[PDB]
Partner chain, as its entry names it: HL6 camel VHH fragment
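Next up is one chain by itself, shown in structure tokens, the form deposited without its partner chain.
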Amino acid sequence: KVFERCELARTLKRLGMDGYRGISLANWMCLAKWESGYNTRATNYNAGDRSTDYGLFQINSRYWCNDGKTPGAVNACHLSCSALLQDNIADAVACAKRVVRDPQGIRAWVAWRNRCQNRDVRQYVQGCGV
């Protein structure tokens, strides 16, 4: 599923992402935008290390979910990576919450540093009523 901006903003707020571990909703929106373009079925294979990024938040199979083919991987979210490809983003949100519970927080995603950090991210939630 490809979410429309405000639709996703309202969904994430309902799922308790606003201010989760100090991360504003606008930051989560900026992250989803640059990671998948709000697309839940997006997959990206990293030929360099044999891991794959899955879904809305492009969560990596080496540490967060299990896909069975990634060498030396753990599955911290205790989920099959298939779960991160559903239209229902409940599981993806619970895993995204798990990721930021680590010391790095939102910085775990390099796209966030490049495209969201120290920027005016207000645009991602403007007019959405959240």
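Numbering follows the first chain given and starts at 1.
The PDB entry reports B-factors from which the mean C-alpha value can be compared for 100-108 and 84-92; the larger average falls on 100-108.
Comparing the deposited coordinates for 59-67 and 72-80, the stretch with the larger average C-alpha B-factor is 72-80.
Going by the entry's values, 43 shows the largest Cα B-factor out of 51, 43, 39, 27. Ranked by C-alpha B-factor against the other modelled residues of its chain, residue 130 falls in the highest third.
Among all modelled residues in its chain, residue 11 ranks in the lowest third by Cα B-factor.
Another form, the form solved in complex with its partner chain, is not on view; read the next lines as being about it.
Contacts to its partner chain in the bound PDB entry (heavy atom within 4.5 Å) from stretch 114-130: none.
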